[PDB]
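The structure appears right after this line, and notes come after that.
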There are 12 protein chains.
Amino acid sequence: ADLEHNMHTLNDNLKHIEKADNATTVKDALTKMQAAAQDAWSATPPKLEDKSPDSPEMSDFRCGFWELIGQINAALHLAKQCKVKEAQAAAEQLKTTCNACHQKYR
Amino acid sequence: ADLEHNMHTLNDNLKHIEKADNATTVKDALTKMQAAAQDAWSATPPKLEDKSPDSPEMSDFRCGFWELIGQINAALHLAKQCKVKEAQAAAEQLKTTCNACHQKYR
Amino acid sequence: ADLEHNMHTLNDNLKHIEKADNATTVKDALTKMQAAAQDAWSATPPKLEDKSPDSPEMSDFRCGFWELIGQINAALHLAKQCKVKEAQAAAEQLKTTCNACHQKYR
Amino acid sequence: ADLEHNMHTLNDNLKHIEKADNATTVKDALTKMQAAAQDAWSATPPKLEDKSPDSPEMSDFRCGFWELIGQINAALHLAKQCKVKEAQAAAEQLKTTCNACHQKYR
Amino acid sequence: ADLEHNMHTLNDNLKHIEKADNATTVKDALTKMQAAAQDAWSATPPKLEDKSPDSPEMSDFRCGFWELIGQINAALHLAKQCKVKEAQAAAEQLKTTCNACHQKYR
Amino acid sequence: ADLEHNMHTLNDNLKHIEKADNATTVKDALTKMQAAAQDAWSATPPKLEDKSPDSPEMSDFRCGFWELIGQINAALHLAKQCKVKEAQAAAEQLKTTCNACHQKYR
Amino acid sequence: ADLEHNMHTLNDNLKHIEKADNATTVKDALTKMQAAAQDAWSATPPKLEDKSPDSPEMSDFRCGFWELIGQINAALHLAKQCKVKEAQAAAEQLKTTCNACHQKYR
Amino acid sequence: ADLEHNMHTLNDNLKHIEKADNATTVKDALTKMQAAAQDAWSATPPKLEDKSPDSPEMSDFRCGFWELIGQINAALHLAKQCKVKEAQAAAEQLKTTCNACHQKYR
Amino acid sequence: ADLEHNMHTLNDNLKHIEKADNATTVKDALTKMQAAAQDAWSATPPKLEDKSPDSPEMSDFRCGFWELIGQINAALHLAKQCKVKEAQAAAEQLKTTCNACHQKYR
Amino acid sequence: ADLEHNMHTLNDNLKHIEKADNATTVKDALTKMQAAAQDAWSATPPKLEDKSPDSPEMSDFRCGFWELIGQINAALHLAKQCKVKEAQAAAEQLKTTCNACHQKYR
Amino acid sequence: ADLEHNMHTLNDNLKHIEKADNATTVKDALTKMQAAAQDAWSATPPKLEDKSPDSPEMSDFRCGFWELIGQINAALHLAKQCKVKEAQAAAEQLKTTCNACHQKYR
Amino acid sequence: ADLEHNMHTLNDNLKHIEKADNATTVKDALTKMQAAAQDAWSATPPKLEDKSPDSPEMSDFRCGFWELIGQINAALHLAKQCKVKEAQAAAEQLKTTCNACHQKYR
Ligand code: HEC
Ligand code: HEC
Ligand code: HEC
Ligand code: HEC
Ligand code: HEC
Ligand code: HEC
Ligand code: HEC
Ligand code: HEC
Ligand code: HEC
Ligand code: HEC
Ligand code: HEC
Ligand code: HEC
Ligand SMILES: [Fe+3]
Ligand SMILES: [Fe+3]
Ligand SMILES: [Fe+3]
Ligand SMILES: [Fe+3]
Ligand SMILES: [Fe+3]
Ligand SMILES: [Fe+3]
Ligand SMILES: [Fe+3]
Ligand SMILES: [Fe+3]
Ligand SMILES: [Zn+2]
Ligand SMILES: [Zn+2]
Ligand SMILES: [Zn+2]
Ligand SMILES: [Zn+2]
Ligand SMILES: [Zn+2]
Ligand SMILES: [Zn+2]
Ligand SMILES: [Zn+2]
Ligand SMILES: [Zn+2]
Ligand SMILES: [Zn+2]
Ligand SMILES: [Zn+2]
Ligand SMILES: [Zn+2]
Ligand SMILES: [Zn+2]
Ligand SMILES: [Zn+2]
Ligand SMILES: [Zn+2]
Ligand SMILES: [Zn+2]
Ligand SMILES: [Zn+2]
Ligand SMILES: [Zn+2]
Ligand SMILES: [Zn+2]
Ligand SMILES: [Zn+2]
Ligand SMILES: [Zn+2]
Ligand SMILES: [Zn+2]
Ligand SMILES: [Zn+2]
Ligand SMILES: [Zn+2]
Ligand SMILES: [Zn+2]
């Protein structure tokens, strides 16, 4: 899918995690965020469209999705041990990673 | 396979992309280039054979294949939307990545 | 599994490689080390528990497991060609990578 | 998933169909709408929560999702024949079915 | 496939059931009739092409295929118990269902 | 299987749901009731054996199993969210559906 | 499942074998008895609950299910050769095995 | 298959093991002997046809196949480590097990 | 694997069961103990290396692993019902079985 | 199926290829013709029923289906490259192969 | 396997077909003869060992196995329709094909 | 793929067989040559483009690929028995088959 629809999936499933009361809801929402972040890792943002794909802008862009994938995988590891409150607090810390990318490329 | 045969697969399938007229030929050639670049990422070139596997030469070598994998994945994303001319121009830009590695390790 | 049990798998299977006499034992022990290193890449060590997940400590920690995964994949490539002595000497070189991480985070 | 999230999937994927330019985007969005409508067929709306599950309100509710499933299946049949404009006009006619259910149960 | 080819499959396989002498022929012909009736359930006949898909004509059309699917499933249940004469007489009763639909929409 | 054995499966698994204390027992008993109700939907009861398969008795018989399948699917949806008491109370409401069918066809 | 429900499956499917008239009914009932006897082999009866799991009571209990599994497998071997009367008489001989266990542990 | 054909498979594949020169021939012949010994474990020999299936003859018969299965599994364990001479000498020791059963039941 | 490595798997996973706090850790550790006990059932201990494989020492050795497999299967049955304390106390009783084998063959 | 029904499949799907307007219809009709020609290759025509299966009539009969299979495979190769007009003209040339067999054996 | 063992499979399974009384025995023996004839089609007989693989002896050898494969496939087609006597008489006609090859190459 | 790319696969993998030192390289190169020769069997060479597909030129063309497939299958049979020198000498004999086809159709 597009980069814009992959951001629809990350935004919608993150709001379902804060309101969840069981561990099946948190575990299923974190699996869709993992698949949407891997599809968006190779894309090109509209503000870097006239650059070459070897640029230091396109190197820092791909390094930001690989930090997000490692944090989604760590929060999914807590949800499989049925630790709902620990997995919900780990997903709240995701917003500092995706505020730092919006200041540069969004 | 060897590093030498993985370079046979990348070179042969790239010449079939420039002469293709349908979107099934471009989509099938980009899938073989993706599998050959992942097998070659862990190999050791003959000009770095007497180094240790923690070297800053063996760190820049593996960083060059991971930039190529992200560009093959982006060109395969355009070919599945049946955009043949956009996927052919993205594969022409691959040659700047693999001219910069040949000056250092080939 | 935990970070502590993933270190049990890497330590036990490495001692079986030095005493092996056939190529089926070396090839099966290197496959379990590959799966245990990928599960441990996203974890948090106890000495970095009060840091944020965007830290330059948590960036150098994940860069150390990705260097180990590339060396296990290269030694598994020699074991499938039935080169037992070359795959055993490549697994002995793994100890320099995992002595440098124990000085900083263990 | 909930009834509320199944309505998030139907609303988001319908807006991607009107702006699509290829037949792979239309065919993939209609497949997610088919799976979200089948999961929502058995649910209970909040305005019928104090009824019994044998009611003539809960009979007309389930008859409305089965009319929608037959229209999504017919529009997916046109998209597999690469008829993009015919499948886009069939998805615009879906809004009369889901305006008649919102007047009674939403 | 089209509505016209799905009627080719129902007509041809019904004539093979009356002339069959073993239970493997009857069981294989009833499986193709089941798959052709489910593909035709969502289609639009040419005499209802200018109606809306919420019509009481398009509601009685889909109710007629769902009565046929339940009769094919019951005759396939007798053929798996190796009751050839009971499954052949149940397939002869199918013609009253598909004479009543031809008077209205064919 | 027969209609009589499909009623053995619905009756036995319903009594195990009222006495269950964990969510794995409720989730496994509701899956067998779903498969037994779909096999019985196409059958013919002994009190309608001399009717034709287009009758308004055989239309109300198949409409009664389709209401039961939607209630088993809704109770299985609560059991996967580990809501044991809500799924047990939804299975108690199933008895009004299957008292109304026994007054007419049993 | 429990030990009590595994005895529900053995008792119900044995009564369907004596009344069967085709070889598909006998072959399907003997397959469910095979799966229910293997799940019950490791269980603990309520009259041996305060023993240790190394007892000579718990050794004779597990030896009785392993004699029953070999007799169900032999009767299923006759049913696949379409020998219905030989497989029905072999299932009648099962009752001497399960009268000898009820005198000691039931 | 029959008891007589399962003895055809054990006799033919044992003579191919003594004449083999590679480890693929020994490993493939020992896999067919494992499947033929498990199918024959539940059978009834012609010299015990008029006994009951709870007899001490039918208990010593099944104990003899379970000793053979453990010896075939141990010889297959040596063949996967590419130890051809050790796996060939372990298959020669199988003949003492199957001379002791022929004196009693053949 | 060897007999010595199968004892590494049983010893390590048993110590993780006593310190576990959730039911996913207990259920995953009991599955690895089940696979390691079945691979070790056919092996030969070093203190019985000069015996024949029909010995009454090699008959009591294989009878000891089959008692352990039935106790691991019973403790895994409690862990799937999310009964953590009952499955932890059943795994503590395993040590009497494996103290009696070490006095004779270790 | 019979030889007569395999000729029903070849005749019906060939008339759908000349009237097709997309490449999904041509590609799906050529796949059913490939499976029907392979099932008919081993059959015996009614005009050669009293011959032996080593005859020079039964050798020229099987050589005629093997020429047809190679022409269906070549036309299916053009349809996967989305060349509809080239695949439709290749299927028109099939009629010379199946006019030459009807003059001798039909 | 070898050419000699593939002739062991064809000879043993042909003698089980003449003595069979059900259709499951004939259908299972004809499936093993089909797999053994395809493995032997590419082999080289010992009396043609010093020829080149382009010889007119090695062309008539491969043409003889391809006539046998078509006769085994035709006899397996009768066995799936539960025609035991027709499939047994078709397997008796196989001996004329394999007497003509033994006069030239055996 | 094209006929020209299928000749790229046969030419490249044949040169890797003469320089190989293990049996995994020879076995993997012979598997790609088998798949490329089956895709090229149905193609049309450019020097026979204006012929009809029933010609005696197009009959001798398809007979030449079927002789090559039988020689690749025989050399792959030696490589699975770990006979590297016998499989390398069998692949050298392939060049006489593909010199005789180049004199007529290339
Ligand atoms: C860069 C490394 C990013 C990370 C990590 C995340 N996002 Fe993102 N976001 C990024 C870009 C370049 C864009 C614009 C691309 C475009 O064409 O839209 C966005 C956009 C969004 C949006 C707006 C969607 C829209 O309809 O325009 C949303 C709602 C959004 N992003 C959400 C979001 C969140 C919550 C993230 C953290 C978990 C996140 N994104 C990651 C770049 C990057
Ligand atoms: C480094 C990061 C590389 C990238 C990206 C690509 N190649 Fe490569 N190439 C590299 C090395 C170290 C070598 C020598 C290894 C050896 O032992 O051969 C090569 C070699 C080639 C060759 C020559 C093959 C031969 O037979 O010797 C070719 C034809 C080749 N490379 C092609 C190629 C192309 C077109 C690439 C860009 C898409 C490419 N390679 C990537 C290092 C690296
Ligand atoms: C960092 C990048 C590491 C690499 C690479 C390896 N190890 Fe490790 N090790 C690391 C940490 C942070 C820890 C402590 C975590 C904890 O909570 O235990 C460890 C620990 C070990 C242990 C001790 C296990 C225990 O019971 O405490 C062992 C035996 C061990 N590590 C082995 C080991 C080896 C041999 C490695 C090289 C192949 C290796 N580990 C990799 C960090 C890192
Ligand atoms: C009944 C038979 C419906 C059909 C068909 C569709 N919808 Fe629906 N919708 C329905 C209900 C009962 C509700 C309220 C349930 C709740 O608890 O939210 C809704 C709600 C929506 C919403 C609001 C989502 C929210 O966050 O509250 C949207 C955006 C929505 N529905 C969209 C939608 C569209 C576009 C449909 C046609 C294709 C459609 N729904 C189908 C009942 C029914
Ligand atoms: C409606 C609920 C139907 C049922 C049940 C069956 N058929 Fe049908 N049939 C129907 C329509 C609307 C049409 C015309 C559609 C078109 O465009 O052709 C048909 C047509 C046929 C045909 C003619 C095929 C042709 O080439 O034109 C045949 C041979 C046919 N139908 C057979 C058939 C039989 C035997 C059925 C009972 C088992 C049956 N169909 C079901 C509507 C409906
Ligand atoms: C009709 C729409 C039914 C629904 C829903 C349920 N049952 Fe049923 N039941 C039905 C019939 C027509 C029959 C008689 C068929 C026969 O030949 O037996 C039955 C019978 C039973 C029985 C008796 C079984 C026996 O051995 O005779 C039982 C125990 C039974 N039914 C249980 C049952 C329950 C509890 C249901 C609700 C969940 C239920 N059935 C559904 C018709 C219908
Ligand atoms: C021991 C080795 C047994 C064999 C073989 C069979 N059964 Fe069993 N049975 C056994 C026990 C220990 C129990 C009591 C366990 C409990 O908690 O219920 C039973 C019970 C039954 C029952 C009663 C079920 C109930 O609701 O209480 C039945 C109907 C039953 N058993 C049937 C049965 C038959 C017919 C068997 C032979 C084929 C059989 N069981 C095997 C112990 C053993
Ligand atoms: C009992 C516990 C046995 C073991 C272990 C083996 N065999 Fe057997 N064998 C057994 C019986 C009861 C019979 C007679 C059954 C019958 O109806 O044929 C046999 C027979 C044979 C035969 C003769 C086959 C024939 O055509 O009659 C052979 C060639 C044979 N057995 C071989 C064989 C070998 C070599 C075994 C050791 C590995 C072996 N069998 C195991 C009983 C038992
Ligand atoms: C016999 C029937 C045994 C059972 C049940 C268990 N073990 Fe074992 N153990 C057994 C033998 C014959 C041996 C020696 C084999 C060898 O060559 O090592 C062992 C050894 C061990 C060891 C030592 C491992 C080592 O490195 O030498 C351990 C740690 C061990 N066994 C643990 C263990 C436990 C805890 C068991 C109960 C659950 C158990 N084993 C089962 C024989 C048998
Ligand atoms: C021989 C090598 C054949 C080829 C190639 C094709 N057909 Fe055939 N055809 C053949 C025979 C021996 C028979 C008679 C068998 C019988 O018992 O019917 C037929 C028959 C037909 C029929 C008539 C079907 C009927 O109901 O009788 C049709 C419509 C038919 N064939 C069509 C057909 C076409 C169009 C083919 C070319 C693509 C074709 N067949 C191939 C022998 C052979
Ligand atoms: C050639 C085209 C053959 C066909 C068809 C069949 N066989 Fe064969 N057979 C053939 C050869 C070249 C050989 C000798 C190869 C060798 O090294 O053994 C054989 C041998 C046999 C044997 C003897 C086996 C042995 O142990 O030596 C048997 C029992 C045998 N063949 C049986 C057989 C039957 C019954 C066939 C018809 C169905 C048949 N083979 C096919 C060549 C050919
Ligand atoms: C006919 C029966 C052939 C066999 C067997 C092999 N080849 Fe071929 N070859 C054939 C043709 C008709 C053509 C020309 C087709 C075209 O359009 O190119 C070829 C061509 C080649 C080439 C040239 C590739 C190119 O880029 O033009 C090569 C390198 C080649 N063939 C290699 C080759 C080898 C080594 C073969 C033996 C194993 C072989 N081919 C088989 C016809 C036939
Ligand atoms: Fe980096
Ligand atoms: Fe080897
Ligand atoms: Fe209705
Ligand atoms: Fe015993
Ligand atoms: Fe839980
Ligand atoms: Fe297209
Ligand atoms: Fe039958
Ligand atoms: Fe020929
Ligand atoms: Zn995507
Ligand atoms: Zn979207
Ligand atoms: Zn490789
Ligand atoms: Zn190469
Ligand atoms: Zn893990
Ligand atoms: Zn551990
Ligand atoms: Zn849902
Ligand atoms: Zn949502
Ligand atoms: Zn269709
Ligand atoms: Zn048609
Ligand atoms: Zn059924
Ligand atoms: Zn029953
Ligand atoms: Zn159970
Ligand atoms: Zn029960
Ligand atoms: Zn068998
Ligand atoms: Zn036999
Ligand atoms: Zn093992
Ligand atoms: Zn170990
Ligand atoms: Zn067929
Ligand atoms: Zn037909
Ligand atoms: Zn073989
Ligand atoms: Zn043999
Ligand atoms: Zn191809
Ligand atoms: Zn090429």
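Both backbone and side-chain heavy atoms feed into the values below; hydrogens, waters and symmetry mates do not. Both counts, for ligands and for their atoms, begin at 1 and track the order of listing. In what follows, every chain begins at residue 1, and chains take the letters A, B, ... in the order their sequences are listed.
At the top of the distance list for atom 2 (C) of ligand 2, counting protein heavy atoms only, stands B:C101 SG, 2.2 Å. Atom 27 (O) of ligand 2 has its closest protein heavy atom at B:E4 CG, 4.1 Å. Regarding atom 5 (C) of ligand 2, its nearest protein heavy-atom neighbour is B:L68 CD2, 4.0 Å.
Remark: K:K47 NZ is loosely packed, at most 12 non-hydrogen atoms of other residues, nucleotides or ligands lying under 6.0 Å away.
Side-chain rings of B:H16 and L:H8 approach one another, their centers coming within less than 6.0 Å.
L:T25 and C:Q81 share no donor-acceptor pair across their side chains, judged by distance under 3.5 Å alone.
Below 4.0 Å from some heavy atom of B:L3 lie the following atoms of ligand 2, by number and element: 15 (C). Counting the atoms of ligand 2 from 1 in the order shown, those under 4.0 Å from a heavy atom of B:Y105 are 12 (C). The atoms of ligand 2 that sit less than 4.0 Å from any heavy atom of B:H8 are 26 (O).
The Zn ion (ligand 33) sits nearest to atom NE2 when only the N, O or S atoms of I:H77 are considered.
For the pair L:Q88 (side chain) and L:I17 (backbone), a donor-acceptor distance under 3.5 Å is present. The closest donor-acceptor contact from the side chain of H:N13 to the backbone of H:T9 lies under 3.5 Å. A donor-acceptor pair under 3.5 Å is absent between the side-chain atoms of B:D39 and the main chain of B:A35, judged by distance alone.
With a cut-off of 2.8 Å, the Zn ion (ligand 33) has an N, O or S atom of G:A1 in range. When distances to the Zn ion (ligand 33) are checked against a cut-off of 2.8 Å, G:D39 contributes an N, O or S atom below that limit.
Atom 40 (N) of ligand 2 has its nearest heavy-atom neighbour, among B:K47, B:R62, B:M7, in B:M7. Summarising the contacts of atom 7 (N) of ligand 2 with B:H102, B:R106, B:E67, B:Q103, the nearest heavy atom is found in B:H102. Nearest-residue assignment for atom 36 (C) of ligand 2 (options B:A100, B:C98, B:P46; heavy-atom criterion): B:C98.
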G:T44 vs G:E49, side-chain hydrogen bond (donor to acceptor under 3.5 Å, both in side chains): CA-CA, chis, key distance, verdict
CA-CA 7 Å; G:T44 285; G:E49 193 76 21; 5.5 Å; no
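A heavy-atom distance below 4.5 Å is not found between the side chains of B:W41 and B:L68. Between B:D12 and L:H5 the shortest side-chain heavy-atom distance falls below 4.5 Å.
The nearest protein heavy atom to atom 16 (C) of ligand 2 is not closer than 4.0 Å.
No part of B:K95 comes within 4.0 Å of ligand 2, judged by heavy-atom distances.
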